[PDB]
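We name chains A, B, ... by the order of the sequence lines, and we start the count at 1 in each one. Computed from heavy atoms alone, side chains included, the values below leave out hydrogens, waters and symmetry copies. All ligand and atom numbering here is 1-based and tracks the order in the structure.
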There are 2 protein chains.
Amino acid sequence: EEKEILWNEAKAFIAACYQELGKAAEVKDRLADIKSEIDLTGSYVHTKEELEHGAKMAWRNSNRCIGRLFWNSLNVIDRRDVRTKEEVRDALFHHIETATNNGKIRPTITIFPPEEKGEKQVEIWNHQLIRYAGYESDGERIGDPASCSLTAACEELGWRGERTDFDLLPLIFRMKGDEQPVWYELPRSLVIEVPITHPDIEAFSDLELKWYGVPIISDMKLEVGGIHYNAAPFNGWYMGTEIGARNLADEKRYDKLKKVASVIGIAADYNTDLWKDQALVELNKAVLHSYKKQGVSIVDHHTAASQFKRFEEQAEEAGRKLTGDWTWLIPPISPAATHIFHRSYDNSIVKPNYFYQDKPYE
Amino acid sequence: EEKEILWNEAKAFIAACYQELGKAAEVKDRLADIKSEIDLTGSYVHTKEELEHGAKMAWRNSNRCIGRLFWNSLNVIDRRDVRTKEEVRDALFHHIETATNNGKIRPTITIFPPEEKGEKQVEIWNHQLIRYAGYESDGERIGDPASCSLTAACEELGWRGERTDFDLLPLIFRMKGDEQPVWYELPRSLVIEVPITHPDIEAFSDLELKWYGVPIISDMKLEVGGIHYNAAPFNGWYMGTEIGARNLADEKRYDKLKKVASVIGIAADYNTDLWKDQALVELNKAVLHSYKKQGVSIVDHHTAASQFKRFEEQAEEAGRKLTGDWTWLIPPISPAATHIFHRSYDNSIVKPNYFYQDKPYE
Ligand code: HEM
Ligand code: HEM
Ligand SMILES: Cc1cc(N)nc(CCc2cncc(CCN(C)C)c2)c1
Ligand SMILES: Cc1cc(N)nc(CCc2cncc(CCN(C)C)c2)c1
Ligand SMILES: C[C@H](O)[C@H](O)[C@H]1CNc2nc(N)[nH]c(=O)c2N1
Ligand SMILES: C[C@H](O)[C@H](O)[C@H]1CNc2nc(N)[nH]c(=O)c2N1
Ligand SMILES: [Cl-]
Ligand SMILES: [Cl-]
């Protein structure tokens with residue numbers, strides 16, 4: 001039953017992967033070995049080339065990602081060899097360091113051993129490798145509300161946050177065979193953060209806003225040819241709106257628009273004044289300015305959309321169907337100023353791809 | 001075949017309409033009369049009450065409309081009695097006058113005789129009753145590009161535009177039996193226009209922008225209980241973004257963002273400066289300010305979304321399913337600052353409703 005599904009996924013993947021790599025003549029033999037490996041073992045093992053191209057295809061197929069033009073330059077780190085929590089920890093520290101690259105961010109994925117019988121070898125609890133803690137208790141909100149449930153799980157395991165608005169959560173993951181996950185404080189030297197200032201408005205620094213340099217999603221599953229890599233953290237560089245229009249702006253996140261309005265010297269009393277819109281534009285300008293001043297890679301939503309248009313053009317040129325989720329591709333500010341807003345996209349799921357999975361906390 | 005479809009639509013509509021009106025006991029008899037009327041005539045005729053409530057239901061069911069909270073206060077004008085082009089013209093002039101209401105806009109629909117054998121009695125060519133002409137010839141763009149095809153059709157019929165950027169198109173419609181439509185110049189006294197100025201930036205008036213007061217969609221079909229009212233123009237008041245973020249901003253419309261950037265004194269050289277976003281916010285502030293100064297009804301997108309939230313709440317309270325098109329309901333600026341962005345909607349089509357129809361030009 002499962003080896004039927006596996007074998008079928010393998011045939012589809014290997015065929016497509018080898019076509020793209022100019023190695024179609026090797027398919028039959030490779031497929032032969034896989035058939036035997038599955039029969040004899042219940043699974044199969046990707047070559048380094050297959051794993052690398054698979055991760056790249058999965059990014060290429062990610063409907064919700066505007067940044068896909070650069071899919072083929074993804075840096076794939078093969079860590080299927082890790083067996084200990086120390087090795088996992090050091091691999092995660094290494095990912096942070098190499099992806100950060102002193103600010104010139106390298107899109108990277110680190111791939112850990114895949115599920116066996118659907119049994120995870122390693123299970124990463126963090127949503128992103130770098131993220132801020134959040135607390136809520138008796139009227140008091142501190143930090144990132146989105147992190148409240150994971151923060152509480154961490155404090156159940158003996159970690160204690162300082163309760164600033166920007167506590168770095170520890171790395172937290174569980175090894176096969178262990179009942180509880182382990183946690184490790186992030187070395188501050190590894191984590192680039194960017195204080196938010198505004199190019200023109202000197203008072204903006206009074207808000208004492210900052211954000212971290214590199215978004216590293218660590219809780220999605222990479223599926224490649226029937227093999228389930230549930231632990232495979234990946235990163236790009238930020239699009240500014242992610243920070244300025246969502247992380248710092250949403251009422252259910254840092255909720256800073258009223259405070260932004262005050263420091264930029266506009267009233268926040270009347271909807272018709274469009275003060276939220278003005279505050280959003282200034283906050284987003286500040287975010288882009290700040291990352292660039294500090295030499296940390298970032299892209300604005302106009303440039304990103306222009307790049308995505310090139311991705312569309314390349315898909316058609318290569319004779320590949322384009323898939324996308326319009327609702328996620330449009331930027332959260334000035335969406336109609338982008339070409340994305342004015343066309344539609346097929347939201348079909350194509351594999352290899354990255355998928356959500358259930359949180360082991362909650 | 002057709003009388004089957006008609007009768008079935010009639011049963012569903014009359015049943016629902018009379019439930020809502022507290023007249024469920026009258027359904028059986030009314031349904032009896034309709035059954036006979038269809039058999040004997042091939043069609044049936046709505047009571048004034050049915051027609052009025054039907055138009056209101058159609059608005060309530062319009063998935064792409066954020067303004068639906070006020071569905072039950074729609075002003076329905078029954079003009080099923082018109083037979084001549086003079087009467088149609090005067091009914092259209094009347095709609096403009098009564099809906100405008102000296103600036104305190106009244107949501108209104110005027111309903112003309114419905115299709116018979118699918119044969120239209122009157123066919124309105126205008127997309128909106130008030131709209132600006134557009135011209136393109138040998139490098140030269142003037143006016144509203146969206147109106148180019150209708151403008152060209154009008155000039156085929158002996159009309160000539162002055163070729164300003166804001167020529168009012170004439171009313172243009174065709175009567176049953178006539179090969180060509182007729183056209184009538186709009187009396188300027190009927191048409192309120194609003195010059196666009198900015199509350200703070202005096203130079204904004206140098207752009208010489210203006211827009212008309214009342215959006216009156218005149219080319220959609222109202223379907224009520226199997227009866228097809230192909231000529232039934234309707235209006236609300238504007239949401240500011242329609243004018244400021246789309247009509248005046250789109251590259252394929254008036255394309256004013258670069259000129260806005262210049263008058264507000266910011267550079268339009270770098271994507272990372274978010275100059276388009278800033279220009280959009282200032283243009284949208286100017287639009288709202290200008291309509292309010294002139295005493296013409298308008299709503300900003302924040303207030304409109306708050307009203308739409310109340311519409312959602314009322315639907316659930318009344319035990320009615322809510323339908324909506326997320327892609328049209330989100331405003332084109334700061335969409336994530338509205339609740340709409342953060343939930344989903346069922347885009348199912350429910351009747352009565354308003355529908356697109358093929359343009360007789362093009
Ligand atoms: C190189 C720079 C990149 C940029 C600028 C970029 C941009 C974005 C943005 C703006 C989002 C929406 C995030 C949100 O609203 O939560 C997104 C989602 C996504 N990106 Fe990218 N991305 C990049 C690289 C990558 C890479 C390297 C991968 C994988 C190898 C990836 C896979 C995805 C996936 C799977 C999502 C959806 C995540 C979810 O559903 O929560 N992206 N991207
Ligand atoms: C009272 C004030 C109203 C406001 C503020 C409002 C708001 C809006 C907005 C912003 C749109 C999107 C238009 C576009 O992007 O092209 C829209 C679409 C629509 N509205 Fe409303 N509306 C109002 C009244 C009405 C009325 C009275 C009706 C009908 C009786 C109506 C039916 C519709 C329909 C059918 C659409 C979709 C049109 C299309 O597909 O092009 N609305 N509305
Ligand atoms: C790889 C990558 C690049 C990039 N520019 N951005 C992200 C995602 C940032 C991000 C990751 N995960 C969750 C949220 C908020 C998620 N909500 C929907 C739960 C944001 C990922
Ligand atoms: C009734 C009503 C109220 C309101 N506030 N707005 C509109 C629509 C304005 C409008 C009407 N028709 C076409 C466009 C642009 C349409 N493109 C998609 C073709 C805009 C209609
Ligand atoms: C292709 C895409 O659906 C298209 O740009 C839509 C998006 N949402 C919209 N929403 C509104 N209100 N009006 C529009 O014209 C559009 N255009
Ligand atoms: C319900 C709705 O789909 C939801 O708000 C989505 C909309 N589009 C989005 N787009 C991005 N990029 N990120 C998000 O978190 C969301 N949220
Ligand atoms: Cl993020
Ligand atoms: Cl309009």
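Here A:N235 has backbone heavy atoms under 4.0 Å from ligand 3, and that is the only part of it that gets that close.
Of the protein's non-hydrogen atoms, the one nearest atom 4 (C) of ligand 5 is A:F341 O, 3.2 Å. Scanning the protein heavy atoms around atom 15 (C) of ligand 3, the nearest turns out to be A:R131 NH2, 3.9 Å. In terms of protein heavy atoms, atom 8 (C) of ligand 3 is closest to A:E242 OE1, 3.5 Å. With respect to atom 21 (C) of ligand 3, the closest heavy atom belonging to the protein is A:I217 CD1, 3.6 Å. Nearest protein neighbour of atom 2 (C) of ligand 3, counting heavy atoms only, is A:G236 N, 4.0 Å. Protein heavy atom closest to atom 6 (C) of ligand 5, with residue, atom name and distance, is B:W328 NE1, 3.8 Å.
In summary, the atoms of ligand 5 found under 4.0 Å from a heavy atom of A:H342, numbered by their order in the structure, are 1 (C), 5 (O). Listed by number with element, the atoms of ligand 3 under 4.0 angstrom from any heavy atom of A:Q128 are 9 (C), 10 (C), 11 (C), 12 (N), 20 (C). Of all atoms in ligand 3, numbered sequentially from 1 with element shown, those under 4.0 Å from a heavy atom of A:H127 are 11 (C), 12 (N), 13 (C), 14 (C). Within ligand 5, counting atoms from 1 as listed, the ones closer than 4.0 Å to a heavy atom of A:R343 are 1 (C), 2 (C). Of all atoms in ligand 5, numbered sequentially from 1 with element shown, those under 4.0 Å from a heavy atom of A:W326 are 7 (C). Atoms of ligand 3 found under 4.0 Å from any heavy atom of A:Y238 (numbered from 1 in listed order, with element): 5 (N).
Within the structure, the closest approach of B:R246 to ligand 5 falls below 4.0 Å when heavy atoms are considered. For the pair A:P215 and ligand 3, a heavy-atom separation below 4.0 Å is found.
Ring geometry for B:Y212 versus B:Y132: interplanar angle over 60°, hence perpendicular rather than tilted (30 to 60°). Ring geometry for B:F70 against B:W237 counts as tilted: the plane angle lies between 30° and 60°, on a 0 to 90° scale. Using cut-offs of 30° and 60° on the angle between ring planes, the pair B:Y238 and B:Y291 is perpendicular.
Taking the charged nitrogens against the carboxylate oxygens, A:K321 and A:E316 have no contact shorter than 4.0 Å, which rules out a salt bridge. In this structure, A:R310 does not pair ionically with A:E313, as no charged nitrogen and carboxylate oxygen lie closer than 4.0 Å.
In this structure, the side chain of A:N353 engages the main chain of A:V350 through a donor-acceptor pair within 3.5 Å.
Note: B:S297 OG to B:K292 NZ = 12.0 Å, rounded to the nearest 0.5 Å.
Shown here, atom 19 (C) of ligand 3 is out of close reach of the protein: none of its heavy atoms lies under 4.0 Å off.
The residue from B:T327, B:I66, B:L329 that puts a heavy atom closest to atom 8 (N) of ligand 5 is B:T327.
A donor-acceptor contact closer than 3.5 angstrom is absent between the side chains of B:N271 and A:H301.
For A:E251, the CD atom sits in a loose shell: 12 or fewer heavy atoms of surrounding residues, nucleotides or ligands are nearer than 6.0 Å.
Shortest non-hydrogen contact noted between A:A337 and A:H302 is CB-CE1, 4.2 Å.
In terms of N/O distances under 3.5 Å, ligand 3 is not approached by A:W328.
Geometrically, B:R343 does not engage B:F341 in a cation-pi contact defined by less than 6.0 Å to the ring centre and at most 45° from the axis.
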